[PDB]
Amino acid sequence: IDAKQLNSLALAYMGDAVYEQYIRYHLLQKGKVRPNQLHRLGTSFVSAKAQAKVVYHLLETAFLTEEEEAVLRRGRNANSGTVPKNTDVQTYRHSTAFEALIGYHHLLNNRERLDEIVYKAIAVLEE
């Protein structure tokens, strides 16, 4: 897989699952919640609004390199062309962009940098 050439929807497809795996592990490690609550708790980390909030934080603080910001810019984009119902389009684009960045680093095996981004996302959302 050539991540630098892969289209953004495919990158986001990958990163969506990668981030999900980090989040679910995080939720189980914190523990102390009944399993029926896990889905709802996960939504506060993986919804469009949550992922967009992370992107705004990352862009604002210059947390990312220029290469990573180019991944995000590309990642907004072209979405399959439909938006999930009752979802704000800009929020959805920034969400999808986050997923593209996560996918990108996963497929390039940049584990350490990916840890950094994902743990930062988690800290932002929990603050």
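Numbers for residues come from their place in the sequence shown, where the first is 1.
Asker: State which stretch shows the higher mean Cα B factor in the entry: 110-118 or 13-21.
Answerer: Taking the mean B-factor of the alpha carbons in each, 110-118 is higher.
Asker: In the PDB record, does 68-76 or 47-55 carry the higher mean Cα temperature factor?
Answerer: Comparing averages over the C-alpha atoms only gives 68-76.
Asker: Should residue 36 be placed in the lowest, middle or highest third of its chain by the C-alpha B factor in the entry?
Answerer: For residue 36, whose C-alpha B-factor we compare with every modelled residue in the chain, the answer is the highest third.
Asker: Sorting the chain's CA B-factors, does residue 6 end up in the lowest, middle or highest third?
Answerer: As the PDB entry reports it, the C-alpha B-factor of residue 6 lands in the lowest third of its chain.
Asker: Considering only modelled residues of the same chain, in which third does the CA B-factor of residue 95 rank: lowest, middle or highest?
Answerer: Lowest third.
Asker: With respect to C-alpha B-factor, does residue 28 fall in the lowest, middle or highest third of the chain as deposited?
Answerer: Its C-alpha B-factor, which the entry lists for residue 28, ranks in the middle third among residues of this chain.
Asker: What third of its chain, lowest, middle or highest, does the C-alpha temperature factor of residue 101 fall into?
Answerer: Its C-alpha B-factor belongs to the lowest third of this chain's values.
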